[PDB]
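Enquirer: Model the following, please.
(chains A, B, C, D, E, F and G, ligands or ions: 3)
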Amino acid sequence: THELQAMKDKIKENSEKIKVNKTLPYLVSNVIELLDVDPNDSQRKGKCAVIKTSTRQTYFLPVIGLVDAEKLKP
Amino acid sequence: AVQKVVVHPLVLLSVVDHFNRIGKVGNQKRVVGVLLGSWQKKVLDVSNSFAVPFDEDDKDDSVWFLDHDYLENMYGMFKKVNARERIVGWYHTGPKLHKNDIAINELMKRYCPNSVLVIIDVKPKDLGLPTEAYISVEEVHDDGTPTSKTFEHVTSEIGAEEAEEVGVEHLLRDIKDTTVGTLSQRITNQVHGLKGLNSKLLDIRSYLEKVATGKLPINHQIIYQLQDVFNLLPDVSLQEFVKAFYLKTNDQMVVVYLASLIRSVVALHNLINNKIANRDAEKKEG
Amino acid sequence: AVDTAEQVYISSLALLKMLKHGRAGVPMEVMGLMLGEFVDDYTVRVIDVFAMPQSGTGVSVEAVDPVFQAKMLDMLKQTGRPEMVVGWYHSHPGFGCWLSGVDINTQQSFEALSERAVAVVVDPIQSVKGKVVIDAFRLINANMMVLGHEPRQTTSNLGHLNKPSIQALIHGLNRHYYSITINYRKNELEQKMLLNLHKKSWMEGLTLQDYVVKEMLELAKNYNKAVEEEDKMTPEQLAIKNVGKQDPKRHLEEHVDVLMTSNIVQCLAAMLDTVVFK
Amino acid sequence: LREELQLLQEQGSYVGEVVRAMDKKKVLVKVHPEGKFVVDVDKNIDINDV
Amino acid sequence: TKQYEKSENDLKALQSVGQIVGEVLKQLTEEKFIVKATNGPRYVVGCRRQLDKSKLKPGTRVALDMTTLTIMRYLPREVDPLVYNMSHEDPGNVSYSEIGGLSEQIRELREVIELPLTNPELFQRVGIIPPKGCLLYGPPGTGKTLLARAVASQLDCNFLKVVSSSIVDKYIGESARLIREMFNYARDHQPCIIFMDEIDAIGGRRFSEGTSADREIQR
Amino acid sequence: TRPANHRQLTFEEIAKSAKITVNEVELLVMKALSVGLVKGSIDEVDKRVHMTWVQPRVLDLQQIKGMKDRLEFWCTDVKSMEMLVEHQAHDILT
Amino acid sequence: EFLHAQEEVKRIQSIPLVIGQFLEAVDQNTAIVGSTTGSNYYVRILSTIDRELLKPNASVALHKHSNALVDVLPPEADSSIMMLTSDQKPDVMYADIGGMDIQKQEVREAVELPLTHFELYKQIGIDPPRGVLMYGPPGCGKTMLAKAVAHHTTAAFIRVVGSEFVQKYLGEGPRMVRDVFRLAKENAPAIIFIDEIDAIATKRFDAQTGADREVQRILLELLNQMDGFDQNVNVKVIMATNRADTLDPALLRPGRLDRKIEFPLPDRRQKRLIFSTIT
Ligand SMILES: Nc1ncnc2c1ncn2[C@@H]1O[C@H](COP(=O)(O)OP(=O)(O)OP(=O)(O)O)[C@@H](O)[C@H]1O
Ligand SMILES: Nc1ncnc2c1ncn2[C@@H]1O[C@H](COP(=O)(O)OP(=O)(O)OP(=O)(O)O)[C@@H](O)[C@H]1O
Ligand SMILES: [Zn+2]
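Expert: Residues are numbered from 1 along each chain as shown, chains lettered A, B, ... in the order given. Ligands and ions are numbered 1, 2, ... in the order given. Right below this line is the structure:
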């Protein structure tokens, strides 16, 4: 029952590894939320949202990570 | 599950360079390490790995130990640099397998659902594409034995990758590539009879040995079954080609015709143009 | 004081993680560490190379974790050979693999740790099979500008490495740096099987496996006939006549020698009837 | 061609447009999508053809 | 408890760089494909072994690798503004027929707009085609917008609202493909309805030839 | 049992071994086509039943001795003339 | 070793590559090629084929870093968008004018004979023009006789709006209209239809309209490309516009467009005909 405090230390220690990834939120990216599954060709399932960049280039990245899809519309 | 494996020369060397590690200090057994597999599909691939200190006693033939402090934290190392790379099993240089090898795989099944072992060879000798691969399953047996755990052979094939042929394929430098279309196919033919009919004689002598001794293997039945699939044509005396006789030369029909037609005009290109350019320079100079 | 040109002995096992760990960081640049032994001033050996975590935010001197090496050296003790660290390396796939602005900042830090700390770069792109590519360099001290600035004795191992001179910006870094010679101490035991494992796997898998009949020759005859008239109009084009057209022009190749080998493919493949059978 | 390609390997090689010529031997270069450039000598062909 | 470490392992997947989208054109051979990124450069590159036959396509948007520029997986599209056009709502039915006038005009777009979805067979059997457009002007009274607006969401939850502010765009306005994009996602809704309001601004007349702003209006 | 081929078989031979009448040979050999022991189509002009592939079953001590006779015979015949391919054609390769 | 050196040059550069536009052949062993981004690149040509596939203007593949000249298109992969789509049928039957035979005789000589005929031209010596200019709407006319020609004869129809090639960069523009007109001379018979080019005919020097003036020089570029069809093979250029007042004088000048087809005002004649077709 006390194992909750044991894992609470490693998630805060790994949240510090997120801190160096949170400095800094270097650029703006227009978000578009998408849900699709790709049959292969074993099975790979996941939610992936197409992302933009204001540089006029467009990229493709999995759903964030950190803040989930609960927020927001694209 | 695991059908075939892809072994890179880079990860196979990781077993070979460790043969210099513990080869100088000795003493017994062989080189053994844990295998890092890359699984994108049913076909298995291996990129890197890590060699672990390992020993197997003789007396005491059933004694084996991996170092699992080496296995745990070093996994978090390769995992941090490469997220896709994970342990699919273990390996060793053999050359053959003692009965104790049953316990090495069952212990590490906590790491991977099925751990594939790769028997490698540090000194290339015979008979062909080297090393080996096994998969751990349970077929029990027909005779009624208690559940039998026996490693089934997995076909191993070498494969390449981008950027890895830089230093690897450079150091040889002595190979002639290839040449496809002339020598490449014919050297195989001389070997296809050699390597084809030598295993023919090695097995047919062991199959005769069956009646004598070493029975079981009965086998059964796989031996004669696919041998009879080889029997679609025997081919025995004489060749039973009465239907394939006129068809024999009929396949050589156009191959000889074109070879007769091409060499005629290729000559007209070679002979004429050579005579033209030759006398233009030769006689107009003097 | 006395400085002699260094010779780098690389092991075939150390060559693996140079291109392999570099391939994992492609396209982005990685940061590694070289592992070896210092024999003397004029020669040096790298007996091992290991992978270090790639930086997705860009390479920095703090990308190397000191507890990563301290846990690694302890695992090297239980491993066959626990050899001391020597120097560092980094991949540069996106360009011609030259020392960047971060590479010089991590130089004075690593050359303070270890004496030499040879700077080694590698790129996948320049070739695939038959070129060494890679790169190497060693910092010559800028404080030495008061003293003689032209090492080393035993020159042309540098001088020949100074060929091709590899464009401008690369040798533009020859200010404050000098490259180092890379030769291969013989692994040929492993290198002999490196050729055997490669070619046997490439020879029909058993040499047996691999060993559109008239139609492939009906498709070939279009290359063996319909190509002839476009080839044999050129000698009538060589006839001017005569002579107002610019000469010489040689149309003899390459179709003639291709159709030659085209029969060499078809004749010995048809010999499979006489070879395989009986 | 391999050695010459290494000279053309890094950025390739471009094509400029000279708007004016100077006696100092520096020639102004202009690329259509890019901005105007200029460079020191640079002397290959006879200058009268420039 | 362990779900946090699962999100930590998801951050390891976040370390992967995003690839670059592109539009294919055609194919020279099976080993040579011509792709064109949204930025406008074209690349003839090779392809990897994990793709399928559905990648080829007649010029369908694909994503290109960051090194070999090979196509991994094709994303259909992406649109930021679409959701703001999804939220338009109007009542009636009754509230449309409650406007009090004109009586026959309520009887107009009723069977013109709403009817094709519920009973498409009535038009195709007799052979009469429904109108593909309409124009409502004013203001002799009110009801220019409301007459078409209430029947707009009365067809179904389907509607797409267009404001004249999105056509002008900016200097060298790229909304030419956004007018195509907005109508592309208008076809995502079936059966589609298209609005245009206050066209006396973006409807610029070529009678007296003015600045090129009148030309891009025609474009 | 036989090395064959000797692949196509005459109905009278089936009418001897299997001792079946001529009108019933159809149902006989064609049912084996569905069972999977032989895929060979039947030639109904001369009423001769042609065979394809084969179904192996078990083995006997005389089958191994019968094997070494007609199996290694393929090994000794091919390798003998394979040396002729190696002998004469090694000069044009070098 | 020299045969091994043949594998060397064929190994370079392997993959990847980038498309580029060839400009002209300046001298041996090297030539200049415009990049897809628009910047012209001067590149050493590959030592294999220096001549036949070079061509004055073509799209040639280049390496990423080195931009090396290796191989051009067949030609061609053509370009984006699409063609045809007018073959769905039915549209309009030509039998309406079949009673006159005075009108069809001039049409019969101006349609199917200019499509494919050879020995009849050089004999009489008259060079048939490619020019077709359609003005006069209202009424509509036009596309009726377009899909009606599809009933008459079968050919590839290039259908693009005058604004279809307007993009964010000015480097892709000259290539698209070049790829449109280069398939017209490549494939026969070919018909290209552009609707209302009077838009880009607007003349404005301003830099923000510089691209807008860049596409009118593109219109003058493809204008330079339409004399490349001369002579005689091959193209059919049909032009339609609602207002020709904004068009330039040199666009309607003969020698390029030699035939102005004025669609008459509906007046009284088109009244009864147009009530019958709708009913
Ligand atoms: N017959 C009606 N019944 C109820 N409400 C009405 C009626 N006519 C107008 N309204 C109210 O007036 C507002 C504007 O309606 P509407 O769009 O018809 O006029 P408008 O188009 O804004 O005026 P204009 O035509 O001058 O632009 C709406 O919000 C609506 O609630
Ligand atoms: N018999 C006919 N007579 C005249 N016009 C017709 C006839 N049949 C169909 N049409 C019209 O022709 C139109 C197609 O013409 P097109 O696509 O060339 O545009 P357009 O009419 O030239 O446009 P605009 O009139 O604005 O220039 C259709 O919308 C159709 O309504
Ligand atoms: Zn760096």
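
Enquirer: and the gap between the residue lying closest to residue B:179 once chain neighbours are set aside and residue B:182?
Expert: Ranked by C-beta to C-beta, 6 or more residues apart in numbering or on different chains and with sequence neighbours excluded, the top spatial neighbour of residue B:179 is residue G:3, at 7.3 Å. Just so you know, the C-beta spots here come from the backbone N, C-alpha and C atoms, and that holds for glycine as well. Shown here: residue G:3 relative to residue B:182, a distance of 11 Å by C-beta to C-beta, to the nearest Å.

Enquirer: Give me every residue in chain E lying close to chain G.
Expert: Remark: the part of chain E in contact with chain G comprises E:23, E:25-28, E:34, E:36, E:40-46, E:58-59, E:68-69, E:171-172, E:174, E:176, E:206, E:209, E:211-212, E:215-216, E:218-219, using C-beta under 8 Å from any C-beta of the partner chain.

Enquirer: Just the ones of those residues in helices?
Expert: E:176, E:215-216, E:218 (DSSP state H).

Enquirer: I'd like those residues laid out as JSON lines, including neighbour count.
Expert: As requested, those are arranged in JSON lines below (neighbours: other C-beta atoms under 10 Å in any protein chain shown):
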{"residue": "E:176", "neighbour count": "17"}
{"residue": "E:215", "neighbour count": "22"}
{"residue": "E:216", "neighbour count": "22"}
{"residue": "E:218", "neighbour count": "16"}
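
Enquirer: Show me where chain A has its strands.
Expert: When assigned using DSSP state E, the strands of chain A occupy the ranges A:48-52, A:58-62.

Enquirer: Relative to ligand 2, which of those strands is closest?
Expert: Of all the strands of chain A, it is strand A:58-62 that lies closest to ligand 2, at 33.5 Å by C-beta to the nearest ligand atom.

Enquirer: Name the residue most distant from the centre of the chain?
Expert: I'll assume chain A. When each C-alpha in chain A is compared with the mean C-alpha position (C-alpha atoms, centre = their mean), residue A:1 comes out farthest, at 30.4 Å.

Enquirer: how much space between the residue of chain E found nearest ligand 2 and ligand 1?
Expert: Distances from chain E to ligand 2, computed as C-beta to the nearest ligand atom, single out residue E:132 as the nearest residue at 9.0 Å. As defined by C-beta to the nearest ligand atom, to the nearest Å, residue E:132 lies at a distance of 23 Å from ligand 1.

Enquirer: burial count for that residue?
Expert: Here the neighbour count serves as a burial measure; for residue E:132 (other C-beta atoms under 10 Å in any protein chain shown) it reads 6.

Enquirer: And it, which helix or strand is it part of?
Expert: In this assignment (DSSP states H and E), residue E:132 forms part of neither any helix nor any strand.

Enquirer: separation between it and chain B?
Expert: Distance check for residue E:132 against chain B: by C-beta to the nearest C-beta, to the nearest Å, it reads 50 Å.

Enquirer: do you know how far that residue is from residue E:122?
Expert: As judged by C-beta to C-beta, residue E:132 and residue E:122 stand 17 Å apart.

Enquirer: can you check residue F:49 too?
Expert: Per C-beta to C-beta, residue F:49 is found 67 Å from residue E:122.

Enquirer: Just want to know which of the two has more residues nearby.
Expert: In this comparison of residue F:49 against residue E:122, neighbours counted by other C-beta under 10 Å, the higher total goes to residue F:49 at 22 against 13.

Enquirer: Next up, the contacts around that one.
Expert: With contact taken as C-beta atoms under 8 Å, 6 or more residues apart in numbering or on different chains, residue F:49 is in contact with F:8-11, F:14, F:25, F:29, F:40, F:42-43.

Enquirer: and with 7 Å instead?
Expert: Listed by C-beta atoms under 7 Å, 6 or more residues apart in numbering or on different chains, the contact set of residue F:49 reads F:9, F:11, F:14, F:25, F:29, F:42.

Enquirer: Return the nearest residue of chain D with respect to chain E.
Expert: Of all residues in chain D, residue D:33 sits closest to chain E, at 11.0 Å by C-beta to the nearest C-beta.

Enquirer: how about the helices in chain C?
Expert: Residue ranges of the helices in chain C, as given by DSSP H, are C:12-25, C:66-78, C:101-105, C:107-113, C:156-159, C:169-172, C:188-202, C:214-221, C:227-238, C:255-270, C:272-275.

Enquirer: Let me know which of the ones you listed is tucked in deepest.
Expert: Mean neighbour counts were taken over these using mean count of other C-beta atoms under 10 Å in any protein chain shown, and the top value, a mean of 23, falls to helix C:12-25.

Enquirer: What are the contacting residues of that helix?
Expert: B:10, B:13, B:17, B:48, B:81-82, B:161-164, B:166-167, C:30, C:32, C:46-51, C:54, C:89, C:91, C:93, C:122, C:124, C:134, C:187, C:190-191.

Enquirer: Could you rerun that using 6 Å?
Expert: Residues outside helix C:12-25 that contact it (C-beta atoms under 6 Å, 6 or more residues apart in numbering or on different chains): B:10, B:13, B:17, B:82, B:163-164, B:166-167, C:30, C:46, C:48-51, C:54, C:91, C:122, C:187, C:190.

Enquirer: what does stretch C:185-195 give?
Expert: Applying C-beta under 6 Å, 6+ apart, the contact partners of stretch C:185-195 are B:16, B:124, B:171-172, C:9, C:12.

Enquirer: Mind doing that once more with 7 Å?
Expert: Counting by C-beta under 7 Å, 6+ apart, the neighbours of stretch C:185-195 from elsewhere in the structure are B:9, B:13, B:16, B:124, B:168, B:171-172, B:175, C:9, C:11-12, C:45.

Enquirer: Quick one: distance of that stretch to the chain centre.
Expert: Computed by C-alpha atoms, centre = their mean, to the nearest Å, the separation of stretch C:185-195 from the middle of its chain amounts to 17 Å.

Enquirer: Which single residue of the stretch 51-200 of chain B ends up nearest chain E?
Expert: Closest to chain E within the stretch 51-200 of chain B is residue B:83: 4.5 Å, counting by C-beta to the nearest C-beta.

Enquirer: Once you drop chain neighbours, what's closest to that residue?
Expert: According to C-beta to C-beta, 6+ apart, the nearest residue to residue B:83 is residue E:12 (4.5 Å).

Enquirer: In which helix or strand does the one you found reside?
Expert: Using DSSP H and E, residue E:12 maps to helix E:3-14.

Enquirer: Please identify the buried residues of that helix?
Expert: Applying a neighbour-count criterion of 16 or more other C-beta atoms under 10 Å in any protein chain shown, one finds E:11, E:14 buried in helix E:3-14.

Enquirer: Output the contacting helices and strands for it.
Expert: For helix E:3-14, the packing partners by 3 or more C-beta pairs under 7 Å, 6 or more residues apart in numbering or on different chains; DSSP states H and E come out as helix A:3-22.

Enquirer: what about the helix it packs on and chain E, touching?
Expert: Yes - looking at helix A:3-22 against chain E by C-beta under 7 Å from any C-beta of the partner chain, the contacts come from A:4, A:7, A:11, A:14, A:18.

Enquirer: rewinding a little: quick one: the strands of chain A as JSON lines, columns for mean neighbour count too.
Expert: Converted to JSON lines, those look like this (neighbours: other C-beta under 10 Å):
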{"stretch": "strand A:48-52", "mean neighbour count": "20"}
{"stretch": "strand A:58-62", "mean neighbour count": "19"}
